[PDB]
Amino acid sequence: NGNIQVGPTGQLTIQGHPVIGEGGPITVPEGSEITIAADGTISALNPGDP
Amino acid sequence: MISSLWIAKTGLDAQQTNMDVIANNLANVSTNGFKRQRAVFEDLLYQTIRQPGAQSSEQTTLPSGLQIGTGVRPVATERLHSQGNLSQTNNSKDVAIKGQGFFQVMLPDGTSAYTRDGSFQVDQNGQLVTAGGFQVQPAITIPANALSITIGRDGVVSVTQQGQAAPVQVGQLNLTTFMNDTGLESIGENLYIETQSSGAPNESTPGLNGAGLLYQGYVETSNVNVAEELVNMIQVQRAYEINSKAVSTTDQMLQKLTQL
Amino acid sequence: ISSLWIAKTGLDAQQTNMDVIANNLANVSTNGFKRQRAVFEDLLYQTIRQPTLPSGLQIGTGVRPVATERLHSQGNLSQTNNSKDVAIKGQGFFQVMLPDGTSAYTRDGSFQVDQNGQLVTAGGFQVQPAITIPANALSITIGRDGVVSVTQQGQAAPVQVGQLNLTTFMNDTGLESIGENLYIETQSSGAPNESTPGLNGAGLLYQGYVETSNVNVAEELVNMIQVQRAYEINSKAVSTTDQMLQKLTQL
Amino acid sequence: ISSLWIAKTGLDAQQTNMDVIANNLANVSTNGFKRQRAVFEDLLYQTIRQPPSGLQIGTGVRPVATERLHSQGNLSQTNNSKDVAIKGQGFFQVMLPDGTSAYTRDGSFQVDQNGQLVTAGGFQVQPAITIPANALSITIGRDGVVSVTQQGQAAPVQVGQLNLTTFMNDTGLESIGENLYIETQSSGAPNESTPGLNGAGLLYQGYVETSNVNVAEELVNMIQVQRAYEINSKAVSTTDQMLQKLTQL
């Protein structure tokens, strides 16, 4: 199930009991605009930045 | 309904506004001092789906990601304030302008408008009015026994009294300049009013401080290029043609989806 | 079933194709607009591992729209007969300053002057570097080298008033469009090169002309015919799968 | 069953939208008509409780309003000395036969048998303006002062002032047909002003303001409405067939 979700705190969760990647659970900033790679790398843009 | 149909609707509306502007230009040939108007367009939102940056691999970059975009929102109409082609009317009350500058006129409500139209008239009380009694600024009152009027290149308006062997000077006719002629807001009657965009008005006699010169016996024609308007009209009709074609295509797509 | 969803992916691909075509066709007569094209890309392939074998069997699923690339070619010119307006020969953009302070890039020439004389672009955005026209300017002259000057009443010489610099990009395809005929810099575009027009790979400037959009309408109409037929084909696939499943669940 | 009712609410919303579109397209070529637009709204939401902390299923859609677009219509020239159109905001005030007052942005005026200025249906304009019995020419200036010209008397006798009325909320007015609006509690009291001052518009004599209906908008809207109707009917048919297969067992 790749239906990933972002919580208000920024904790990536396929349905709660969150997702694990390169260590423990992954966390992203609150301003997600997340894009996920062709090989998993997760990049984020704060929605009002260059 | 479909992302396609809203986009095509915006395109049709843009072509319709463009045709409105062309029709207003084409109708206002042979109107003195009219300024050709032209619409400047502007594309709407772009729904970003994949960020054009956003490195895909640990090394790659994903150039030029997926973004769709909508709409053709018309953003402005610029007015071309170029000198019209003067015409020899040989009329003693018709005065044209060569260069920047606008006649100032007192609206009956007490506010001042600006007109590039010297098709003047003299009413009961002797005032110079302009096709509607709009009394100019500053007031110029012809004496009731004056015979012939003249308006020098410098705006000095003087009349020939009866019996008096001299052109006594009656009034002074000055122009006004705006540091953005285009930003004036037209209110009809061949009149413009000051807005925030035009900026403060600088009133001065003709010639001095950037204003033009005044030519009696001439009238300024509309700077509407007939061939330009005609080719614009052909091009607009074909663009409308094509956008309605896109609307119909989306309709066929949707209908085939329905009978599914 | 699998057929139903891969046909849905095909339908979505054709629909995004039509969206691009419609935005293209509507944005004709938009100055400096650059035609866009959608590039598609097939999704995962299922491998059915066999129990030699000159070709394995792979079922494959659907299709995904992978990109939209903007054709940054040179558009035809239009004689606006307006002193303010300017057009670009070759590569380059006019940098503009947004209200927030970040710089955008527009390859549009419909300039104006506001009450403060700043050369602004139909929407109030101040071009960069700033050019301030003096109060009673009789004319504006913009050479092909970009330097802009005015002629004052009483003076027999053009008092030079500014320099209109262009900006070139490594990959101007990769710029992100933010509407309003504006683009902004991205990771994929590289740093801008702020250069004098006519030099260092920048284009030249034409006064009194505006660049028309490079949208080829005949190509768009033929593409619309393709899109309609392809959508109807994929809808046929969806319907056939629906009939198949009807007969399956009947038994 | 559930989907059946929610899809029926969808069908009803699309039918209301088509009714509005038909009324717009039909009242084209009505002087002073303001095109109407239907604003829809979704109904209440059922919350399934999870033992995020729940999910919402939702039910249908509801037409919540119709706003009238009180823009300025194109003028049309009619060569009629009584017809008047309005530049900008404002409404003519008329007196209904019962005694109350309605407001019309329609200036196809006439004079009845007693010289009173009435409005194509016989409602007296306000204030009472009565043309003299032997009028040659009637002039209505931009400031609303209506005057006539008598025989040989080389001076226009002022015969009335044709005021306008402006509202705090143009859209709040309810229309009672016959190109008439009457004040509602959502509109606020009328502000009776002379034309051209205090926000009211000017008057153009010999011109009638046309409807501000955009027919290209309405044809595209009809495309959307027909496709949406067919789509919701498709959903209804789907639910119906599911109920087939449910009751077969």
# chains A, B, ... in the order shown; residues from 1 in each chain; ligands from 1

$ select_by_dssp --residues "segment 164-228 of chain B" --states "strand (DSSP E)" --output "list in words"
residues 167, 168, 169, 170, 171, 172, 175, 176, 177, 178, 185, 186, 192, 193, 201, 202, 203, 204, 213, 214, 215, 216, 218, 219 and 220 of chain B

$ write_last_selection --atoms "N, CA, C and O atoms" --output "short mmCIF file (atom, residue, chain, number, x, y, z; two decimals), in the first residue's frame"
data_model
loop_
_atom_site.label_atom_id
_atom_site.label_comp_id
_atom_site.auth_asym_id
_atom_site.auth_seq_id
_atom_site.Cartn_x
_atom_site.Cartn_y
_atom_site.Cartn_z
N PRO B 167 -7.16 92.80 -33.21
CA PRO B 167 -7.64 91.57 -32.58
C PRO B 167 -7.40 91.56 -31.08
O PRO B 167 -6.35 91.08 -30.63
N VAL B 168 -8.33 92.11 -30.30
CA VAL B 168 -8.17 92.10 -28.85
C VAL B 168 -8.17 90.67 -28.34
O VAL B 168 -8.96 89.83 -28.79
N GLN B 169 -7.27 90.37 -27.39
CA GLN B 169 -7.12 88.99 -26.92
C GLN B 169 -8.20 88.69 -25.89
O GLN B 169 -8.36 89.43 -24.91
N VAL B 170 -8.98 87.65 -26.13
CA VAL B 170 -10.08 87.30 -25.25
C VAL B 170 -9.66 86.29 -24.19
O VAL B 170 -9.93 86.48 -23.01
N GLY B 171 -8.99 85.22 -24.59
CA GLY B 171 -8.65 84.20 -23.60
C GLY B 171 -7.35 83.51 -23.93
O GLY B 171 -6.73 83.73 -24.97
N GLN B 172 -6.94 82.65 -23.00
CA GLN B 172 -5.75 81.84 -23.17
C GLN B 172 -6.15 80.38 -23.01
O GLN B 172 -6.79 80.02 -22.02
N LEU B 175 -3.09 73.52 -22.39
CA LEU B 175 -3.21 72.08 -22.41
C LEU B 175 -2.76 71.50 -21.08
O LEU B 175 -2.33 72.21 -20.17
N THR B 176 -2.85 70.18 -20.99
CA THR B 176 -2.47 69.44 -19.80
C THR B 176 -1.77 68.16 -20.23
O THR B 176 -2.17 67.54 -21.21
N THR B 177 -0.73 67.78 -19.50
CA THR B 177 -0.02 66.56 -19.81
C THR B 177 -0.04 65.64 -18.60
O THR B 177 0.02 66.09 -17.45
N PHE B 178 -0.11 64.35 -18.89
CA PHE B 178 -0.07 63.29 -17.90
C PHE B 178 1.15 62.44 -18.18
O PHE B 178 1.43 62.12 -19.34
N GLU B 185 -8.84 57.12 -17.69
CA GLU B 185 -10.04 56.29 -17.74
C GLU B 185 -11.12 57.01 -18.53
O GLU B 185 -11.72 57.97 -18.05
N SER B 186 -11.37 56.55 -19.75
CA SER B 186 -12.37 57.17 -20.60
C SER B 186 -13.76 56.97 -20.03
O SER B 186 -14.09 55.89 -19.53
N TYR B 192 -11.66 61.79 -21.03
CA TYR B 192 -10.95 60.95 -20.08
C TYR B 192 -10.92 61.63 -18.72
O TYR B 192 -10.99 62.86 -18.63
N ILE B 193 -10.82 60.84 -17.66
CA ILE B 193 -10.71 61.39 -16.32
C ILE B 193 -9.42 60.90 -15.70
O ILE B 193 -8.91 59.83 -16.04
N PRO B 201 -1.87 65.88 -13.06
CA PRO B 201 -1.88 66.62 -14.32
C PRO B 201 -1.00 67.85 -14.24
O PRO B 201 -1.01 68.58 -13.24
N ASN B 202 -0.22 68.09 -15.29
CA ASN B 202 0.59 69.30 -15.38
C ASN B 202 -0.04 70.20 -16.44
O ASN B 202 0.01 69.87 -17.63
N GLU B 203 -0.64 71.31 -16.01
CA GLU B 203 -1.28 72.22 -16.95
C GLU B 203 -0.30 73.30 -17.38
O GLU B 203 0.37 73.92 -16.54
N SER B 204 -0.20 73.52 -18.68
CA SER B 204 0.69 74.54 -19.22
C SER B 204 0.16 74.99 -20.57
O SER B 204 -0.62 74.29 -21.21
N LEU B 213 1.34 71.75 -30.00
CA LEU B 213 0.91 73.02 -30.56
C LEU B 213 -0.51 72.90 -31.07
O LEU B 213 -1.01 71.81 -31.36
N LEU B 214 -1.17 74.04 -31.19
CA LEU B 214 -2.58 74.10 -31.53
C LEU B 214 -2.72 74.58 -32.96
O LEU B 214 -2.17 75.61 -33.33
N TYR B 215 -3.47 73.84 -33.78
CA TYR B 215 -3.66 74.20 -35.18
C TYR B 215 -5.14 74.46 -35.40
O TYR B 215 -5.95 73.54 -35.40
N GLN B 216 -5.50 75.73 -35.58
CA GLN B 216 -6.86 76.05 -35.98
C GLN B 216 -7.09 75.64 -37.42
O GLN B 216 -6.16 75.60 -38.23
N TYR B 218 -7.85 72.71 -38.44
CA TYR B 218 -7.55 71.31 -38.63
C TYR B 218 -8.30 70.51 -37.58
O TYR B 218 -8.67 71.04 -36.53
N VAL B 219 -8.52 69.24 -37.86
CA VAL B 219 -9.05 68.32 -36.86
C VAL B 219 -8.23 67.04 -36.88
O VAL B 219 -7.78 66.59 -37.93
N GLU B 220 -8.02 66.48 -35.69
CA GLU B 220 -7.27 65.25 -35.53
C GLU B 220 -8.16 64.06 -35.83
O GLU B 220 -9.27 63.96 -35.30
#

$ interface_residues --of "chain B" --to "chain C" --cutoff "7 Å" --atoms "only C-alpha atoms" --output "PyMOL selection string"
chain B and resi 3-4+7-8+11+41-46+52-53+61+63-72+75-76+80+179-180+197-199+209-210+243+246+249+253+256-257+260

$ interface_residues --of "chain B" --to "chain A" --cutoff "7 Å" --atoms "only C-alpha atoms" --output "ChimeraX atom specification"
/B:54,56-58

$ atom_distance --atom1 "atom CA of residue 81 of chain B" --atom2 "atom CA of residue 36 of chain B"
7.7 Å

$ interface_residues --of "chain D" --to "chain B" --cutoff "10 Å" --atoms "only C-alpha atoms" --output "short mmCIF file (atom, residue, chain, number, x, y, z; two decimals) with C-alpha atoms, in the first residue's frame"
data_model
loop_
_atom_site.label_atom_id
_atom_site.label_comp_id
_atom_site.auth_asym_id
_atom_site.auth_seq_id
_atom_site.Cartn_x
_atom_site.Cartn_y
_atom_site.Cartn_z
CA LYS D 87 -24.64 54.84 -17.34
CA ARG D 142 -27.64 63.58 -18.30
CA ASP D 143 -28.56 65.16 -14.95
CA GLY D 196 -24.47 61.62 -11.53
CA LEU D 197 -23.96 62.53 -7.88
CA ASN D 214 -23.29 36.34 -22.94
CA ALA D 216 -21.25 31.97 -25.82
CA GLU D 217 -21.06 31.44 -22.07
CA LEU D 219 -23.91 27.58 -25.05
CA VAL D 220 -20.80 26.22 -23.35
CA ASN D 221 -22.80 26.03 -20.12
CA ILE D 223 -22.81 21.62 -23.13
CA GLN D 224 -21.66 21.16 -19.55
CA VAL D 225 -25.20 20.78 -18.22
CA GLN D 226 -26.23 18.15 -20.75
CA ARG D 227 -23.09 16.10 -20.18
CA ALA D 228 -23.51 16.33 -16.40
CA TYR D 229 -27.14 15.24 -16.69
CA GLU D 230 -26.15 12.20 -18.72
CA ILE D 231 -23.39 11.36 -16.23
CA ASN D 232 -25.71 11.49 -13.23
CA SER D 233 -28.25 9.37 -15.09
CA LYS D 234 -25.43 6.89 -15.65
#

$ atom_distance --atom1 "atom CA of residue 105 of chain D" --atom2 "atom CA of residue 77 of chain B"
28.6 Å

$ interface_residues --of "chain A" --to "chain D" --cutoff "12 Å" --atoms "only C-alpha atoms" --output "MDAnalysis selection string"
chainID A and resid 5:8 13 15:16

$ residues_around --residues "residue 46 of chain A" --least-positions-apart "6" --cutoff "9 Å" --atoms "only C-alpha atoms" --output "PyMOL selection string"
chain A and resi 29-33

$ write_last_selection --atoms "N, CA, C and O atoms" --output "PDB file, in the first residue's frame"
ATOM      1  N   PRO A  29       9.117  18.336   6.695  1.00  0.00           N
ATOM      2  CA  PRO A  29       8.587  19.602   7.210  1.00  0.00           C
ATOM      3  C   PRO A  29       7.081  19.679   7.014  1.00  0.00           C
ATOM      4  O   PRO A  29       6.486  18.923   6.244  1.00  0.00           O
ATOM      5  N   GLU A  30       6.458  20.598   7.750  1.00  0.00           N
ATOM      6  CA  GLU A  30       5.009  20.752   7.665  1.00  0.00           C
ATOM      7  C   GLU A  30       4.577  21.169   6.265  1.00  0.00           C
ATOM      8  O   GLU A  30       3.551  20.705   5.758  1.00  0.00           O
ATOM      9  N   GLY A  31       5.345  22.040   5.627  1.00  0.00           N
ATOM     10  CA  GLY A  31       5.063  22.438   4.265  1.00  0.00           C
ATOM     11  C   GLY A  31       5.547  21.394   3.286  1.00  0.00           C
ATOM     12  O   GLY A  31       6.617  21.528   2.691  1.00  0.00           O
ATOM     13  N   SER A  32       4.776  20.325   3.142  1.00  0.00           N
ATOM     14  CA  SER A  32       5.262  19.148   2.441  1.00  0.00           C
ATOM     15  C   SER A  32       5.587  19.400   0.975  1.00  0.00           C
ATOM     16  O   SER A  32       6.762  19.471   0.610  1.00  0.00           O
ATOM     17  N   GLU A  33       4.560  19.599   0.149  1.00  0.00           N
ATOM     18  CA  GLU A  33       4.690  19.530  -1.304  1.00  0.00           C
ATOM     19  C   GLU A  33       5.669  18.423  -1.684  1.00  0.00           C
ATOM     20  O   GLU A  33       6.605  18.639  -2.457  1.00  0.00           O
TER      21      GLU A  33
END

$ atom_distance --atom1 "atom CA of residue 246 of chain D" --atom2 "atom CA of residue 57 of chain D"
21.5 Å

$ residues_around --residues "residue 69 of chain D" --least-positions-apart "2" --cutoff "12 Å" --atoms "only C-alpha atoms" --output "ChimeraX atom specification"
/D:24,32-38,66-67,71-73,169-173,211-214

$ write_last_selection --atoms "N, CA and C atoms" --output "mmCIF file, in the first residue's frame"
data_model
loop_
_atom_site.group_PDB
_atom_site.id
_atom_site.type_symbol
_atom_site.label_atom_id
_atom_site.label_comp_id
_atom_site.auth_asym_id
_atom_site.auth_seq_id
_atom_site.Cartn_x
_atom_site.Cartn_y
_atom_site.Cartn_z
ATOM 1 N N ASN D 24 -31.940 32.800 -18.877
ATOM 2 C CA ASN D 24 -30.986 33.774 -19.398
ATOM 3 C C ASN D 24 -31.093 33.884 -20.908
ATOM 4 N N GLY D 32 -32.391 45.981 -20.177
ATOM 5 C CA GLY D 32 -32.090 46.081 -18.767
ATOM 6 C C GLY D 32 -32.131 44.789 -17.991
ATOM 7 N N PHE D 33 -32.149 43.642 -18.660
ATOM 8 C CA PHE D 33 -32.174 42.369 -17.957
ATOM 9 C C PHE D 33 -30.785 42.016 -17.458
ATOM 10 N N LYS D 34 -30.719 41.505 -16.239
ATOM 11 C CA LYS D 34 -29.463 41.136 -15.607
ATOM 12 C C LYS D 34 -29.368 39.621 -15.554
ATOM 13 N N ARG D 35 -28.318 39.066 -16.149
ATOM 14 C CA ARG D 35 -28.227 37.623 -16.265
ATOM 15 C C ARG D 35 -28.048 37.008 -14.886
ATOM 16 N N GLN D 36 -28.637 35.834 -14.700
ATOM 17 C CA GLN D 36 -28.652 35.161 -13.415
ATOM 18 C C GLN D 36 -27.743 33.945 -13.446
ATOM 19 N N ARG D 37 -27.099 33.669 -12.316
ATOM 20 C CA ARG D 37 -26.200 32.536 -12.176
ATOM 21 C C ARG D 37 -26.526 31.782 -10.903
ATOM 22 N N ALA D 38 -26.569 30.458 -11.000
ATOM 23 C CA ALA D 38 -26.936 29.602 -9.881
ATOM 24 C C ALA D 38 -25.688 29.124 -9.158
ATOM 25 N N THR D 66 -29.031 32.202 -6.274
ATOM 26 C CA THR D 66 -28.878 32.718 -7.624
ATOM 27 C C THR D 66 -28.533 34.187 -7.506
ATOM 28 N N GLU D 67 -27.356 34.559 -7.982
ATOM 29 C CA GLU D 67 -26.953 35.953 -7.980
ATOM 30 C C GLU D 67 -27.223 36.549 -9.350
ATOM 31 N N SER D 71 -23.926 44.282 -13.887
ATOM 32 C CA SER D 71 -22.945 45.008 -14.670
ATOM 33 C C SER D 71 -23.671 46.017 -15.554
ATOM 34 N N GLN D 72 -22.950 46.624 -16.485
ATOM 35 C CA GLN D 72 -23.512 47.617 -17.386
ATOM 36 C C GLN D 72 -23.657 46.989 -18.759
ATOM 37 N N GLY D 73 -24.879 46.946 -19.265
ATOM 38 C CA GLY D 73 -25.107 46.367 -20.566
ATOM 39 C C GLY D 73 -24.768 47.320 -21.687
ATOM 40 N N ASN D 169 -27.068 46.963 -1.634
ATOM 41 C CA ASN D 169 -26.871 45.635 -2.207
ATOM 42 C C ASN D 169 -27.752 45.560 -3.446
ATOM 43 N N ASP D 170 -27.126 45.564 -4.618
ATOM 44 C CA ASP D 170 -27.881 45.433 -5.856
ATOM 45 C C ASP D 170 -28.492 44.046 -5.976
ATOM 46 N N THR D 171 -27.743 43.018 -5.587
ATOM 47 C CA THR D 171 -28.175 41.646 -5.793
ATOM 48 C C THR D 171 -29.291 41.232 -4.850
ATOM 49 N N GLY D 172 -29.445 41.915 -3.717
ATOM 50 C CA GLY D 172 -30.418 41.492 -2.730
ATOM 51 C C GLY D 172 -31.852 41.689 -3.155
ATOM 52 N N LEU D 173 -32.088 42.536 -4.147
ATOM 53 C CA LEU D 173 -33.438 42.802 -4.608
ATOM 54 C C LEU D 173 -34.070 41.523 -5.133
ATOM 55 N N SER D 211 -29.601 43.632 -22.461
ATOM 56 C CA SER D 211 -29.308 42.581 -21.503
ATOM 57 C C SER D 211 -27.821 42.281 -21.482
ATOM 58 N N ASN D 212 -27.294 42.016 -20.297
ATOM 59 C CA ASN D 212 -25.896 41.622 -20.183
ATOM 60 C C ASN D 212 -25.740 40.108 -20.194
ATOM 61 N N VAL D 213 -26.341 39.463 -21.185
ATOM 62 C CA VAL D 213 -26.305 38.014 -21.317
ATOM 63 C C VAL D 213 -25.284 37.652 -22.383
ATOM 64 N N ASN D 214 -24.349 36.773 -22.037
ATOM 65 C CA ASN D 214 -23.287 36.345 -22.938
ATOM 66 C C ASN D 214 -23.659 34.982 -23.501
#

$ closest_atom_pairs --of "chain C" --to "chain D" --cutoff "12 Å" --atoms "only C-alpha atoms" --output "Markdown table"
| residue | atom | partner | partner_atom | distance |
| --- | --- | --- | --- | --- |
| C:246 | CA | D:245 | CA | 11.3 |
| C:249 | CA | D:245 | CA | 10.1 |
| C:250 | CA | D:245 | CA | 9.7 |

$ closest_residue --among "C:184, C:71, C:199, C:222" --to "chain A" --atoms "only C-alpha atoms"
C:184

$ select_by_dssp --residues "segment 20-148 of chain B" --states "helix (DSSP H, G or I)" --output "ChimeraX atom specification"
/B:20-27

$ write_last_selection --atoms "N, CA, C and O atoms" --output "CSV table (one decimal), in the first residue's frame"
chain,number,residue,atom,x,y,z
B,20,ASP,N,-14.6,42.2,-29.4
B,20,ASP,CA,-15.3,43.4,-28.9
B,20,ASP,C,-14.4,44.7,-29.1
B,20,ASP,O,-14.9,45.7,-29.5
B,21,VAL,N,-13.1,44.5,-28.8
B,21,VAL,CA,-12.2,45.7,-28.9
B,21,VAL,C,-12.0,46.0,-30.4
B,21,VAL,O,-12.0,47.2,-30.8
B,22,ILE,N,-11.9,45.0,-31.3
B,22,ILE,CA,-11.8,45.3,-32.7
B,22,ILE,C,-13.1,46.0,-33.2
B,22,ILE,O,-13.0,46.9,-34.1
B,23,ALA,N,-14.2,45.6,-32.8
B,23,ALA,CA,-15.5,46.2,-33.2
B,23,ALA,C,-15.6,47.6,-32.7
B,23,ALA,O,-16.0,48.5,-33.4
B,24,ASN,N,-15.1,47.9,-31.5
B,24,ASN,CA,-15.1,49.3,-31.0
B,24,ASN,C,-14.2,50.1,-31.8
B,24,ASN,O,-14.4,51.3,-32.0
B,25,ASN,N,-13.0,49.6,-32.2
B,25,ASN,CA,-12.1,50.4,-33.0
B,25,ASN,C,-12.7,50.6,-34.4
B,25,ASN,O,-12.7,51.7,-34.9
B,26,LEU,N,-13.3,49.6,-35.0
B,26,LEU,CA,-13.9,49.7,-36.3
B,26,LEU,C,-15.1,50.6,-36.4
B,26,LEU,O,-15.3,51.3,-37.4
B,27,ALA,N,-15.8,50.7,-35.4
B,27,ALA,CA,-17.0,51.6,-35.3
B,27,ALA,C,-16.5,53.0,-35.2
B,27,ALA,O,-17.2,53.9,-35.7

$ decode --residues "segment 14-33 of chain A" --atoms "N, CA, C and O atoms" --output "compact mmCIF listing (two decimals), in the first residue's frame"
# COMPACT_ATOMS: atom_id res chain seq x y z
N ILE A 14 1.93 5.70 5.68
CA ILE A 14 0.95 4.73 5.26
C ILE A 14 0.19 4.39 6.53
O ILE A 14 0.76 4.46 7.63
N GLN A 15 -1.09 4.02 6.39
CA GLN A 15 -2.06 4.16 7.48
C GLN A 15 -1.44 3.86 8.83
O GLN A 15 -0.71 2.88 8.99
N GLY A 16 -1.76 4.71 9.81
CA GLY A 16 -0.95 4.90 11.01
C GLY A 16 -0.46 3.61 11.61
O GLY A 16 -1.16 2.61 11.53
N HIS A 17 0.63 3.66 12.38
CA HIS A 17 1.84 2.84 12.35
C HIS A 17 2.64 3.27 11.12
O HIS A 17 2.48 2.72 10.02
N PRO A 18 3.44 4.32 11.27
CA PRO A 18 4.04 5.04 10.14
C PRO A 18 5.14 4.26 9.43
O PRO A 18 5.55 3.19 9.85
N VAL A 19 5.65 4.87 8.35
CA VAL A 19 6.57 4.25 7.40
C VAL A 19 8.00 4.39 7.88
O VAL A 19 8.35 5.34 8.59
N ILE A 20 8.84 3.44 7.47
CA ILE A 20 10.21 3.32 7.92
C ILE A 20 11.12 3.43 6.71
O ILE A 20 10.94 2.71 5.73
N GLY A 21 12.10 4.32 6.78
CA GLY A 21 13.02 4.47 5.68
C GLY A 21 14.33 5.09 6.08
O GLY A 21 14.35 6.16 6.68
N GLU A 22 15.44 4.44 5.73
CA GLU A 22 16.78 4.90 6.08
C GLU A 22 16.86 5.29 7.55
O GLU A 22 17.08 6.45 7.91
N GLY A 23 16.67 4.29 8.41
CA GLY A 23 16.66 4.49 9.85
C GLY A 23 15.29 4.21 10.43
O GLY A 23 14.66 3.19 10.11
N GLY A 24 14.82 5.13 11.26
CA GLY A 24 13.52 5.00 11.86
C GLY A 24 12.44 5.60 10.99
O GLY A 24 12.58 5.69 9.77
N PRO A 25 11.34 6.01 11.60
CA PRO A 25 10.30 6.70 10.85
C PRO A 25 10.82 7.97 10.19
O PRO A 25 11.67 8.68 10.73
N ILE A 26 10.32 8.23 8.99
CA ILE A 26 10.67 9.42 8.24
C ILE A 26 9.83 10.59 8.71
O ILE A 26 8.66 10.42 9.07
N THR A 27 10.41 11.78 8.72
CA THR A 27 9.69 13.00 9.02
C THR A 27 10.03 14.04 7.97
O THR A 27 11.16 14.11 7.49
N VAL A 28 9.04 14.84 7.61
CA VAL A 28 9.21 15.90 6.61
C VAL A 28 8.70 17.19 7.22
O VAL A 28 7.92 17.17 8.19
N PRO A 29 9.12 18.34 6.70
CA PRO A 29 8.59 19.60 7.21
C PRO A 29 7.08 19.68 7.01
O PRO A 29 6.49 18.92 6.24
N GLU A 30 6.46 20.60 7.75
CA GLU A 30 5.01 20.75 7.66
C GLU A 30 4.58 21.17 6.27
O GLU A 30 3.55 20.71 5.76
N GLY A 31 5.35 22.04 5.63
CA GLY A 31 5.06 22.44 4.26
C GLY A 31 5.55 21.39 3.29
O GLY A 31 6.62 21.53 2.69
N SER A 32 4.78 20.32 3.14
CA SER A 32 5.26 19.15 2.44
C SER A 32 5.59 19.40 0.98
O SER A 32 6.76 19.47 0.61
N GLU A 33 4.56 19.60 0.15
CA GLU A 33 4.69 19.53 -1.30
C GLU A 33 5.67 18.42 -1.68
O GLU A 33 6.61 18.64 -2.46
